[PDB]
Amino acid sequence: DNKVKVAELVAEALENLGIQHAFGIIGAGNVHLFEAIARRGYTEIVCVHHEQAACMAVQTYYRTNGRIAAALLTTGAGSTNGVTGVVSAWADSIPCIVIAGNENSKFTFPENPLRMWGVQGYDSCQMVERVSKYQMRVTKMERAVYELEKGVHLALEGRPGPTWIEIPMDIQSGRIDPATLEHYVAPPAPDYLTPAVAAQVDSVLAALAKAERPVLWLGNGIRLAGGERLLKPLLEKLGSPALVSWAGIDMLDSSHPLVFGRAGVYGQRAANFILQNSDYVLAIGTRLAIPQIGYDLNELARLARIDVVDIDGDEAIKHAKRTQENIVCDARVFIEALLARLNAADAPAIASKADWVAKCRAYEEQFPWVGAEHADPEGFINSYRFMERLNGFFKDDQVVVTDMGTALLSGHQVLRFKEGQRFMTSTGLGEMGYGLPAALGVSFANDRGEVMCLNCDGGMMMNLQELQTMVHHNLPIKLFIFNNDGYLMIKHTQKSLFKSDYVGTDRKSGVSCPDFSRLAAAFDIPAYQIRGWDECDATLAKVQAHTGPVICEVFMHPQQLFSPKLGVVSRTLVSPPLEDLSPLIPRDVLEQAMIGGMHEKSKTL
Amino acid sequence: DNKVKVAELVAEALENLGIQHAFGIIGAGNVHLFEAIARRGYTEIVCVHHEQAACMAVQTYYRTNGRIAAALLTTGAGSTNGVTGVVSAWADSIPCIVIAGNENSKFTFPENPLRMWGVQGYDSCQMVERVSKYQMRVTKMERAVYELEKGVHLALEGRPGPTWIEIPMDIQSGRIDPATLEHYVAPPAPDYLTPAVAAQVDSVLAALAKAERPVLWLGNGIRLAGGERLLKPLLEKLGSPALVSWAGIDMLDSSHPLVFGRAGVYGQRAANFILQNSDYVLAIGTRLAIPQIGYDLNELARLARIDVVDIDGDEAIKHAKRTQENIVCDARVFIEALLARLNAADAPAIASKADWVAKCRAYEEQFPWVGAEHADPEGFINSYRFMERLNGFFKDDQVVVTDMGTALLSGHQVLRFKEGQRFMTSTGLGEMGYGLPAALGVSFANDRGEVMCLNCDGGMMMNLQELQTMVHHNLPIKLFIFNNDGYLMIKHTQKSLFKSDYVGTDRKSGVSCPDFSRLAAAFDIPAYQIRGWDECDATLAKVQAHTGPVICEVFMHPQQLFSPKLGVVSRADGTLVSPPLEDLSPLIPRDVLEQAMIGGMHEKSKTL
Ligand SMILES: Cc1cc2nc3c(=O)[nH]c(=O)nc-3n(C[C@H](O)[C@H](O)[C@H](O)COP(=O)(O)OP(=O)(O)OC[C@H]3O[C@@H](n4cnc5c(N)ncnc54)[C@H](O)[C@@H]3O)c2cc1C
Ligand SMILES: Cc1cc2nc3c(=O)[nH]c(=O)nc-3n(C[C@H](O)[C@H](O)[C@H](O)COP(=O)(O)OP(=O)(O)OC[C@H]3O[C@@H](n4cnc5c(N)ncnc54)[C@H](O)[C@@H]3O)c2cc1C
Ligand SMILES: Cc1ncc(C[n+]2c([C@@](C)(O)C(=O)O)sc(CCOP(=O)(O)OP(=O)(O)O)c2C)c(N)n1
Ligand SMILES: Cc1ncc(C[n+]2c([C@@](C)(O)C(=O)O)sc(CCOP(=O)(O)OP(=O)(O)O)c2C)c(N)n1
Ligand SMILES: [Mg+2]
Ligand SMILES: [Mg+2]
């Protein structure tokens, strides 16, 4: 008998695909796959306590060293519990593969008239049909490996994202002759550099050469394309300033002479003035999302031509009313072509941007990222200043992941990163409870390495249960929890709208959180507190020195403002242009800051 | 100048619909609805810490007192987080309504070529298309209330289920002349009792009058139809023994002289023998799911005719190869129709079933629910024996919810209930982490009332965050946690399949759980531990006496068997036989099985 169990061929296929880690929860629907994978000993199965955490962990796992991980979900609630993680990978263009079990294949077909399949199954492929790149239900044993190979390829192809492969129970346990396995062969990669795309590169170079105040907007699509190592030669060979999106912060040293921060709705004052006063904007590998460009294209860089580079055609033209050259090309290939034309013997002459570069620096001097607006309040540490202090304790290869809330905003508006350091979170979907699972994925991607997790009192609750996963594997995760009596981010929203008592956002309005230090002791986790500046530096040094997991509660003002921020101002109400962040600077100052004078909307504020 | 905010109209609608509780989490996508509901003060918003818990709590909220609740979710992950709750209410035919916000309506159209809508939005309606009864996105302000009234009616009509109404932000904050508000008029309620169905009731009454060994199988569909009070007079009038489905345990007093327990793959030995030796089976409001009838229809009640009553046409005929009368009718309407024909003048004479009833009681004397197979394993408390002991501490108005695992299996195989007591869980989907959200639903339904939650160390983790919601509202939830070093249910599964070391099921194999008494202290929750019989009664009396939340860890053997269980029997050379439904493991001696089966035992059981 030359037949082999399908589950064992699946485990073999995982090793040949380089998948060394799998996150998930066991159940009757995937018990065969757990056994075959565990007995083969190549892929380590990380058991979590909510499938949601499994489909989030696989994202930051890949982002760390570029190796895809698998989420291993069982029938029914095992598959539904993973859907949030699938969407956040879909929204952030992060490749991963879900392997979901299900009832016996005799029940699994859409035409089944009953509400549910078999005992507790459903059509998991239909549920993620609009939030994944590919879904398939293996119905023939001989195709199980075919679909896993295809599932992985489509996840990494083009615009990356999650794929969903469902293998019914009886397909896992069947037996076939290994020579009857079908294998998927990937088609040749597309050659983006066509004559058309070449003429677009030539147009960009022309504009770059002539532009007096250029600004490059660089995004995580460059890293997904594997070209972030070309950014230093490119910036210095152009001499042009550069902004980085929140997702692409770690692609360049925040202290590089030509990198001037991050702009947007929660941008940095210095970075917004840089973008809004430019005469040419080249977006590479950045989605130009609403939090990046505001709420009106006619107010975005009103003196500048805007070109875009993006591997997704639909994302590349979504601003075609405002943009000029919409380049559908891989970010790396595009940067190589642009460098190839800069290094050519017949390269055009690049006019000097020295005055512009000098004006950008002046912007950063007039508007420091942590400024007078961030003063401490009434017996509390200002979360922005704490981030500046905490920044001084990063290790040379530090990795930081954040949840939403204070950690997300204070983090991305302040923290600086060097080469070798990483910054990760989920911004496409922006879901609470992404922090802890994000740390798991990084830690396992670096052989149970260290990860700093900037979290919040609210977001900690969504996936609280993953503290047990953390202690179980003794993961060196340094977990900072910003306590502020509930949903501080929503507090500011409902106050701006209604200017009345809080509703469902603090302890008095129905939302409370536990004492996370008492909780840490229950999990055998060493806990600390930071309430003032006296014990700060000594506390930070001890947290960073621990070998295992640590919790460190950071208490802030229950109503601290998030600023700078592009908010609505009451003149009637007005939505100011991108440059006029709140709290509002004096008009005469803004007038001098704007090359062509302030926007009509600002004059009356 | 004479316009009202749409959100304020929605808040007004919820009061007119009698929705007094709404579970959810706030966010940009539904901040206007939170405001408007709270200002009006009619509907209490309960804030949970994972949207999944809001979509589970609305379920057991309804089943308690028959009042629907809302789930209030927000854009993006606020909606995706609730899907699991939607699917369990879909699988258990439990009504409820989800009101989910979303990005501005100019982004929310399926033709949008981008991966996501606006900032963080998606088509929340498409994602639940196949696991909910109705989904609609409100795109005109004037129909916002129309779709809520429609959603609540569709959730409650026919076979109840969840409905999903999505309202973009800008629709919530919009303002309209209230005169322009459209309202939903429900179509006329169907008349199930047509001449064709009336003829099927006659056929059933003919079979019941003639049958010598009849068995009624009563399910939660009866409760959902509002006809549970008709059961006691029906069984007594017919003199027919009756079984109850796991979900419908609390419809009849378990000690009623004609109620003989629960059958299935995890059924009681006596219940299975009663089912498999009958000559007529009348199933009313029960789905006859795989865990109830086994894996072969041809092996189910091999001496009986089987009739089925169910309001879902698709469920009523799914066993049509084997069943005879497939009656598509509301359960209460059917029972009322059968009671009218029973009490009529021309009602046929009901042949005596006294001998069958006696044989049903001999079965229960021969096979008690807690028997020798439930012996304490080597210095531990057997969960089945703990459930029997725990049963005697139930209050008169006790409500018991369970999670999966030991709480589910040992609870539904041992626990007995009387009128006034309720038993709830999620059996359709069978998701871990249902216990705590369930106890919230019941507690708020009964105005912060007391609830006993039978939970497990593994299942406690899926929604551990809801211990905070329990403390924040001082809900008198009595939380029992069965500790057994991980996923005991799965240990048996992989052991029967692979007969090797555990994988992903206990601490040694990658799955551990915290000390829940030490967490309890962290949440300011009193906690007890029951490791042996010696201190057991004194603890249980303490737990029941508490006025606020309490935790009690119950320690069992990390490899205790779950029995009786219809399970596979394996052989040395790789052979395995799936025995018939009556032949539950651990297998009883063949000579005793032969005498218990009327036509002798099944061929499969002879060589076992
Ligand atoms: C409350 C909030 C506030 C925010 N504020 C800001 C802010 O002030 N400033 C800011 O910059 N961001 C901000 N963000 C984040 C921002 O809105 C986006 O979520 C994202 O982080 C922008 O960075 P990105 O374009 O690199 O990421 P992504 O949105 O993931 O962009 C990746 C893009 O690259 C493309 N791509 C993928 N692979 C390739 C490839 N191989 N070749 C070429 N292109 C490829 C993708 O198609 C996509 O268009 C905020 C988010 C939130 C939730
Ligand atoms: C591991 C496991 C083991 C189990 N073991 C057993 C076991 O041994 N024995 C057992 O009995 N159960 C068992 N169950 C539960 C069983 O499989 C079902 O999930 C269910 O609990 C059986 O009860 P029910 O048919 O009343 O519930 P449901 O499945 O909810 O049945 C409701 C039915 O009534 C219909 N209905 C709804 N409203 C109306 C109305 N107004 N009028 C008429 N009909 C209506 C519905 O369409 C549906 O068909 C087990 C579950 C699990 C997860
Ligand atoms: C799962 C889930 N539920 C709700 C939300 C909505 N939501 C937010 C956003 C970013 O999505 C938003 O509305 O802008 S922000 C937010 C509050 C976060 O509170 P935390 O205590 O975690 O952080 P702080 O705001 O720093 O106190 C919530 C509930 C969300 N993002 N994810
Ligand atoms: C969310 C989720 N994830 C996985 C499962 C699978 N699953 C079960 C079933 C019932 O679905 C099954 O497969 O039969 S049972 C089960 C183990 C539950 O372990 P617990 O420690 O809670 O209970 P005991 O088994 O009594 O120890 C798991 C993981 C599940 N039910 N729900
Ligand atoms: Mg908070
Ligand atoms: Mg367990």
Revision key, fill the gap. So, relative contact order of segment B:374-555 in percent, Cα under 8 Å, 6 or more apart, is 21 percent
Check your understanding: Taking the Cα centre of each part, how many Å lie between segment B:396-426 and segment B:516-561?
Key -> 18 Å
Practice item. Using θ = phi - 60° and the Karplus relation 6.51 cos²θ - 1.76 cosθ + 1.60, list the HN-Hα couplings for segment A:232-243 in order, rounded to whole Hz, with x at every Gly or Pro. Key: 5, x, 5, 5, 6, 6, 9, x, 9, x, 8, 10
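Go ahead and run the numbers for FRET between residue B:418 and residue B:126, Cβ-Cβ distance against an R0 of 41 Å, rounding to 0.05.
According to the calculation, E is roughly 0.35.
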Point to revise | Peptides B:439-449, B:596-606 ordered by average Cβ neighbours within 10 Å, highest first | key: B:439-449, B:596-606
Study note, to complete from the structure: The size of the Cβ-based charge dipole (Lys, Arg +1; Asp, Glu -1) of segment B:500-608 about the Cα centre, to the nearest 20 debye, is 200 debye
Point to revise | Cβ-defined net charge surrounding residue B:299, 15 Å radius [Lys, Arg +1; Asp, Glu -1] | key: +1
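When Cβ neighbours within 10 Å are restricted to other protein chains, what is their mean count per residue of peptide A:24-35?
Per-residue shielding by partner chains comes out at 5.
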Check your understanding: Local charge sum around residue A:432 (other residues, Cβ-Cβ under 12 Å, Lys/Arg +1, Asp/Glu -1)?
Key -> -4
Revision key, fill the gap. Here segment A:397-402 yields Karplus 3J(HN,Hα) values (6.51, -1.76, 1.60; θ = phi - 60°; whole Hz; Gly and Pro given as x) of 10, 4, 10, 10, 10, 10
Check your understanding: If you count, for each residue, the other Cβ atoms within 10 Å and average over each peptide, how do B:324-331, A:55-62 line up from highest to lowest?
Key -> A:55-62, B:324-331
Practice item. Would you please give the FRET efficiency between residue A:67 and residue A:336, computed as 1/(1 + (r/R0)^6) with r the Cβ-Cβ distance and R0 = 25 Å, to the nearest 0.05? Key: 0.60
Check your understanding: What is the order of B:393, B:109, fewest Cβ neighbours within 10 Å to most?
Key -> B:109, B:393
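How much net charge surrounds residue A:65 when only other residues with a Cβ under 13 Å from its Cβ are counted (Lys, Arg +1; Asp, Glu -1)?
Details: positive: A:63, A:67, A:223, A:422; negative: A:397, A:447.
Computed value for this residue: +2.
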Review point. Rounded to a whole number of µm²/s, how large is the Stokes-Einstein D of chain A at 37 °C and 0.692 mPa s, given Rh as the Kirkwood radius over C-alpha pairs?
Key: 128 µm²/s
Study note, to complete from the structure: Out of B:554, B:572, B:529 - ranked by how far each Cα lies towards the positive end of the dipole of segment B:515-608, with unit charges on the beta-carbon of charged residues - the top one is B:572
Study note, to complete from the structure: Under the helix-only model (-39500 (n - 2.57) for each DSSP H run of 4 or more, divided by the residues of chain A), the mean residue ellipticity at 222 nm, to 500 deg cm²/dmol, is -10000 deg cm²/dmol
**Study point:** Amide H within-cut-off set for residue B:48, under 5 Å, with H built and near neighbours excluded
**Key:** B:24
Study note, to complete from the structure: Over the protein assembly as shown, the quotient of the Cα radius of gyration and 2.2 N^0.38 Å is 0.98
Point to revise | Simple Cβ-charge dipole of the protein assembly as shown, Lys/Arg +1 and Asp/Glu -1, about Cα centre, in debye nearest 20 | key: 240 debye
Point to revise | Sites residue B:531 and residue B:185 - FRET efficiency at Förster radius 51 Å, r taken between beta-carbons, to 0.05 | key: 0.25
Exercise for review: May I ask for the distance between the Cα centers of segment B:258-336 and segment B:588-608, given as a whole number of Å?
Suggested key: 23 Å
Review point. Between residue A:591 and residue B:393, how many nm apart are label points set 7 Å from Cα along the C-beta direction?
Key: 7.8 nm
Revision key, fill the gap. The long-range amide H neighbours of residue B:569, using H built 1.01 Å from N in the peptide plane and a cut-off of under 5 Å, are B:577
Review point. What is the Cα centroid distance between segment B:172-191 and segment A:69-99, reported in whole angstrom?
Key: 38 Å
Practice item. Measure off 7 Å from each Cα along the Cα-to-Cβ vector at residue B:109 and residue A:573, then give the distance between these two points in nanometres to one decimal. Key: 2.5 nm
Check your understanding: Which of B:502, A:42, B:146, A:122 comes first, and how do the rest follow, when ranked by fewest Cβ neighbours within 10 Å?
Key -> A:42, B:146, B:502, A:122
**Study point:** Charged-residue dipole, Cβ positions (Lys, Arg, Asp, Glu), segment B:195-366 about Cα centre, Debye nearest 20
**Key:** 260 debye
**Study point:** Acute angle (nearest 10 degrees) that the helix B:31-40 long axis makes with the longest principal axis of chain B, alpha-carbon atoms
**Key:** 80 degrees
Review point. What percent of all Cα-Cα pairs in segment B:396-489 falls in each 5 Å bin, counting up from 0?
Key: 3, 15, 27, 25, 19, 9, 3, 0
**Study point:** 17 Å Cα cut-off, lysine pairs counted over segment B:4-180 (separation 8 or more, or different chains)
**Key:** 4
Practice item. Provide B:513, B:536 in ascending order of the number of other Cβ atoms located within 10 Å of each residue's Cβ, fewest first. Key: B:536, B:513
Check your understanding: What angle do you read, to the nearest 10 degrees and between 0 and 90, between the alpha-carbon axis of helix B:144-156 and the longest principal axis of chain B?
Key -> 0 degrees
Check your understanding: If one takes the longest principal axis of the Cα atoms in chain B, at what angle in degrees, from 0 to 90 and to the nearest 10, does the Cα axis of helix B:331-343 lie?
Key -> 50 degrees
Revision key, fill the gap. Projecting the Cα atoms of A:158, A:116, A:32 onto the charge dipole of segment A:4-180, where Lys and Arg contribute +1 and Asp and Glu -1 at Cβ, the residue farthest towards the positive end is A:158
Review point. Can you list residues whose amide H is under 5 Å from residue B:96's amide H, if they're 5+ apart or on another chain and H is modeled 1.01 Å from N?
Key: B:161, B:163
Practice item. Apply the Kirkwood formula to segment B:195-366: the hydrodynamic radius equals the inverse of the mean of 1/r over all pairs of different alpha-carbon atoms; give it in Å with one decimal. Key: 15.7 Å
Exercise for review: Would you calculate the separation in nanometres between label points at residue B:314 and residue B:544, each defined as 7 Å from the Cα along the Cα-to-beta-carbon direction?
Suggested key: 4.4 nm
Review point. What are the ³J(HN,Hα) values, in whole Hz, obtained from phi via the Karplus relation 6.51 cos²θ - 1.76 cosθ + 1.60 with θ = phi - 60°, for each residue of segment A:346-352 in sequence order, with x given for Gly and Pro?
Key: 8, 4, x, 7, 8, 4, 7
**Study point:** segment A:18-141: C-alpha gyration tensor shape, a/c 1.5 cut-off, then a/b vs b/c
**Key:** oblate
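Here, each number is a calculation from the coordinates, and none is a lab measurement. So basically every Cβ, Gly included, is an ideal-geometry build from the backbone, and we count neighbours across all protein chains shown.
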